[PDB]
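Notes follow once the structure below has been shown.
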Amino acid sequence: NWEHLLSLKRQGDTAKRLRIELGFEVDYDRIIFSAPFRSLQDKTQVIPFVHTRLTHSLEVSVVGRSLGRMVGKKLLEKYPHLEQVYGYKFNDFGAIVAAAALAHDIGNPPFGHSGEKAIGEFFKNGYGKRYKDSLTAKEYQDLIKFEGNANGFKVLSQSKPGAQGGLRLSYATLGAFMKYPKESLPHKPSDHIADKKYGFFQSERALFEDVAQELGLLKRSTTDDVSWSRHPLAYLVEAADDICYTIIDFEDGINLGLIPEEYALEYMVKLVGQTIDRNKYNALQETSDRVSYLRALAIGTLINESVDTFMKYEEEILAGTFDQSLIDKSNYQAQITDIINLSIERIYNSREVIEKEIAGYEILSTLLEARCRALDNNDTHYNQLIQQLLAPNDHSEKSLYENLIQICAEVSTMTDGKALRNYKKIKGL
Amino acid sequence: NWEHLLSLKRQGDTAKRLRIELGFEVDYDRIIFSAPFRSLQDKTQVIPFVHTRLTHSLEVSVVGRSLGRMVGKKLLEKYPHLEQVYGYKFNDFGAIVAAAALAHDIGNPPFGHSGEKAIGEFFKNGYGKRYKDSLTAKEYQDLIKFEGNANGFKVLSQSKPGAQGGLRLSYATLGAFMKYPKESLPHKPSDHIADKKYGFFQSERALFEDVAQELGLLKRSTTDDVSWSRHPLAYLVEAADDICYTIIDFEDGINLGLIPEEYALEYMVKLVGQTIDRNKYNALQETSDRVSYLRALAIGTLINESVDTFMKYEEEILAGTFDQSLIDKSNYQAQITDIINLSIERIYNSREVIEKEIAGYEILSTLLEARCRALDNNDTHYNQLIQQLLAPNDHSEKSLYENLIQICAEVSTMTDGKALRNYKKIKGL
Amino acid sequence: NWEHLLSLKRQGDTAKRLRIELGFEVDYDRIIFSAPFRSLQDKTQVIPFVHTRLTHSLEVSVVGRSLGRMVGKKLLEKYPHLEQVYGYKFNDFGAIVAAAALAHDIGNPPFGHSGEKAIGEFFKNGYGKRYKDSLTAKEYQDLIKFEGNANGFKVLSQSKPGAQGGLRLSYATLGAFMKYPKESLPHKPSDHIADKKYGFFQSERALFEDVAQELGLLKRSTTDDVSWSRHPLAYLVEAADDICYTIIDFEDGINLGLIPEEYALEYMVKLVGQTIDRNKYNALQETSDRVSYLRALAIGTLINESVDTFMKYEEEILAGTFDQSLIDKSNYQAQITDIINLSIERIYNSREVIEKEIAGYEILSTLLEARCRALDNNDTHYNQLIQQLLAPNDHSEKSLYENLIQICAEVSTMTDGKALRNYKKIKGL
Ligand SMILES: [Mg+2]
Ligand SMILES: [Mg+2]
Ligand SMILES: [Mg+2]
């Protein structure tokens, strides 16, 4: 039911909010001005001009806003009652998808997936193994299979003294942000696209249950482990992100010298052939302009194809029977796969990227060990100094799992500069 | 008895030295030219122009020289026989107090009290725990509650081949230097000001017993753990040090931007009100000049008040019944406490000071562990290299406690530059 | 028999190669263009202009070429049949000795003998102790008493896919390169000069047995541990190396300020007195020119003396009864010993040299531990990253000893720059 999916409800609301009577734009406005989003300006994208996480978020938001606007147009033309009595507009869908896409990278720890694996391995085989017997199975699982999507949900909606609900985003935006509406256990029960990872920690189970019950998400789990169907706009958000990750990593790889210019045309002829102006392409004198020209065309065709695919399986998506992505139903699957493989071989496996990941591991391991050692023995002078350096903000009487997840969130959201400086101080440099 | 307190005896002397027949100035002259005192030029004062330990010592010596000169004037006017037959002058008292105050920071390890705690924790929970069973209780206590006052006494009077008695200072200067004339055990038996810490290690017990017996210090301990009353001039030395630590840390904090200018006048009106020239204060155009002007006034009034307090309780001080400091009997106690608390909150708890302390811990721990590992196994090539790098001076057949205390003294007296360079070499940088 | 000693056989040869029917010059040509030899341009000689390992190799090759040419002249005049029917020339001997001397430093790990001791201690008391029970006694011995001569033999003759036999040097060059033709066990069975160390690992036993059987080296071991007599030209190669190590370390020490100018003349008068032009020496205005002038004279007289000594004991050398070096039979033994001791006290025991050795230990230990930990568990993400960073070249199904010796060879042949960069990445800098 689309009426419940486009909920304007926020945390702490008592009276129901109706479309015909704050707005989805306000979510984007709040995310833009938020400190965690601003902090993305000092966070890199694990590549050797090259995009930072802030620009990637910006570009993803721009693709998601286009996808959502077109999808809202088509749904409003398919469900007249959504605008006749409920008063919804395609700009609403665009705003929801743009706000969800803008914050999709707000909780990811530095150094890419290597940082997530470092946080996981710290609690699996490192100093964090001591907490295994003091936590429940799902809590420990969250600790060992730490992902930045659950951390991003935590950042977007975590209460603090004087700020309940965090950014207080609308429930539609929160639902679109959740790509994996399931708990930390069981680990990958099936081949469904939404079961690859989890989207919320144990400290957010009640809040996401409230969000799902407000959005009317279908309960797909018959056991005691909660799991819901994906929000239909989460498909658009993820498709936008994949389109950017594919076409823009290739642009960045080509412009940085890691990928020769021939592969650009070689893997973009199929994508851009239907709309390329050959005279304009040949008239361009710089490689950067040509690759930008190709990137714009490819993004446009992929956006249109994703909109067509979404409207092809709307009923299946709303029922929860869709087990793959919108980009997986692409006619350009071979070219997309070839581009992704070439990017993996030339960028992600480059020395510079490997070197950086090896440093992240040592920095994150050191910081996590220092924070945990301070947590266990908060009486020594060195531990008091560590607490002052890394957690001067506040202190409270919380549980062990809350403290550990707070440590993980604080370490994940540090800027590369702040993390490196703290690691050097702790290492006496 | 003041005649015995103003002893001209030095180490190795056989014939008694009389005032009417080398001089207390010679102690100051020797300390100035000594290598350990010179080494203070490369040692910082754990603050982010800002005073180094050498300038702090200089300024403390200047306050102690004023206090001692006034106190000597008043005692000579109170005991005519001290000058009529013994031939003592107020310049003697000034010289003794100045020499004691100049060397009050000569044995402190770097990074402030954090370095002392690092040396203590190395032998308490670190690699140094292995020596607990091979040493006596007091020897191990000295190792684990290491203070820079005992190390300063060691530096001032430790024999070397060709140099017996070290700087060979007069016994009056050594007595005035000793703020805590007691052994390492028991640990804080009472609330007496002299029982807060200890002033000499176990390798200096015989020498300080000789010094105390020459100065006629009263034995306040009836057990087998020796402890004596404070030398009366030690009160003046400590009062001078506290006055500088209070008024000059505030000046440094104000001039460094950590403390706004308003608090200067706010906490100095009471101290300087009786002697401030308002026209001169308002005519000054720079904040540094105004704060210097206030610091000079406050130091003057505190010096006069300390002299008055010392002459108020002279008999009690000479009997050993005084359990507090001269600054503790101040009418400006509230303002002094407020200034100290503001300095603690704004300087000592600043990031930059915390960061520095966290680095000291790692550097001192690394250096101590390397030295100890070289000491236990002096056969490996790496350990021979470590011994050459850190202890090339000499080697001898000494006991385990002597070797450990020598390691602690050598690490404590390294310059920040030398310590950092050695730590980087050991860390392969 | 000199005919078999001057073998032109190379790895993989089936038909016998005769002198009268590729050439010993080709070995020098190949070594010059080889990547391992080129890599010596970025490797230092553990001294604070100062020689790198490449220039030391160059200079040693030049001394060995002179020694071999004179020795070949004298042998051809002593054995006419070597040139009458076999067709050998003195240039052959010169080429063999020069090629052997040029590669004498091609397998030495950085940081001098400190690096060799670090590799040994890693497997003796470090993380490498776990492999003791999984290897044979001699294999583990090779691991713990690792020397750069065996590694240099490995570099010169190790097969790779597409390159069998490595540089494919002539067997005479390989025999002259081998200073210690014996296995890793027993460790120093006697006082013979060839029994001080070993010259090949266990992975090269068959190849060196083939080389020795082709060269007709005398089997000096009656047990199951193979050991052969030294090749006669190995004496010349080692003598050349010692002459350079003695006279040129002194030149470098004098020119670097670690050795005053007086000792130059003081320890060179005896060596250069018979051929020095006093007018030329006094006319020189720079210390560098005078020391160069003295170095050239000393090298010349030592070369002539070494040739005379070699021809004095030719029969004893060819029978294998010579237990010392050519330089040990020198009339300038006292002056050579004095120069070596002065160099040890002033250069090798300098701070800068000690500091560098302390850093090597930490870098090599860190790199070896990382490589071994990657080897044991090649499933973790961090270990895969380490394998990509340090061993991206290739992978194969080899034994544990082969993998460990490959790790040791790869670490030993890294350039100081590459090693330091990898150590910093692993240390997160
Ligand atoms: Mg993305
Ligand atoms: Mg002081
Ligand atoms: Mg050599």
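What follows is calculated from the coordinates using simple rules that are stated; it is not laboratory data. Don't worry about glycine lacking a Cβ; one is built from the backbone with ideal geometry, like all the others, and counts go over all protein chains shown.
Averaged over the residues of peptide C:347-359, the number of Cβ atoms from other protein chains lying within 10 Å of each residue's Cβ is 4.
In this simple spin-label approximation, C:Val50 and B:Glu369 carry label points 7 Å from Cα along the Cα→Cβ vector, and these lie 3.0 nm apart. Within the set A:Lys129/C:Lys427; A:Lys145/A:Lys398; B:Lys356/C:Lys129, which residue pairs have Cα atoms separated by over 31 Å? B:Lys356/C:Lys129, as the Cα separations exceed 31 Å there. If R0 is 30 Å, the Cβ-Cβ spacing of C:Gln41 and C:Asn279 corresponds to a FRET efficiency of close to 0.20. Distance from the C-alpha centroid of region C:207-263 to that of region C:359-392: 34 Å, rounded to the whole angstrom. Label-point spacing at A:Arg421 relative to the other copies reads 2.8, 2.8 nm, in ascending order, each point sitting 7 Å out from Cα along Cα→Cβ. When region B:390-429 is described by a simple charge dipole with +1 on each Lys and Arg Cβ and -1 on each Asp and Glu Cβ, the residue from B:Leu404, B:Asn393, B:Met414 located farthest towards its positive end is B:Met414. When C:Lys124 is represented by a point 7 angstrom out along its Cα-to-C-beta vector, the spacings to that point in the other copies are 3.8, 3.8 nm, nearest first. Only DSSP H runs of four or more residues enter the estimate; each adds -39500 (n - 2.57), and after division by the residues of the protein assembly as shown the mean residue ellipticity at 222 nm equals -18500 deg cm²/dmol. Quick one: Debye curve from the alpha-carbon atoms of region C:205-265 only, equal weights, vacuum; give me log10 I(q)/I(0) at q = 0.15, 0.16, 0.17 Å⁻¹ to two decimals. For the requested q values the scattering log ratios are -0.62, -0.65, -0.68.
Taking the Cα centre of region A:159-290 as origin and assigning +1 to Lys and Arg Cβ atoms and -1 to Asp and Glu Cβ atoms, the resulting dipole is close to 460 debye. In this simple spin-label model, placing a label point 7 Å from the Cα along the Cα-to-Cβ direction at both B:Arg17 and A:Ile20 gives a separation of 10.5 nm. With respect to the cross-link table entries C:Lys138/C:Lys179; B:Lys425/C:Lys132; B:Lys197/B:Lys270, which display a Cα-Cα separation exceeding 28 Å? Those over the limit are B:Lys425/C:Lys132; B:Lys197/B:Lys270. Would you list which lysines come within 22 Å of B:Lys73, measuring only between C-alpha atoms, while excluding same-chain residues fewer than 8 positions from it? Straight-distance partners of B:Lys73: B:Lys89, B:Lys312, B:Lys329.
For the pair region A:89-160 and region B:25-72, the centres of their Cα atoms are 55 angstrom apart.
In summary, region B:315-393 shows an alpha-carbon radius of gyration equal to 1.97 times the 2.2 N^0.38 Å reference for compact globular proteins. Measuring r between the beta carbons of A:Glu266 and A:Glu316 and using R0 = 41 Å, the FRET efficiency lands at 0.75. Between B:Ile344 and A:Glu77, the modelled labels are 7.3 nm apart [label points 7 Å from Cα along Cα→Cβ]. Using a Förster distance of 51 Å, how high is the FRET efficiency between A:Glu402 and B:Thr136, based on the Cβ-Cβ distance and rounded to 0.05? It comes to 0.65.
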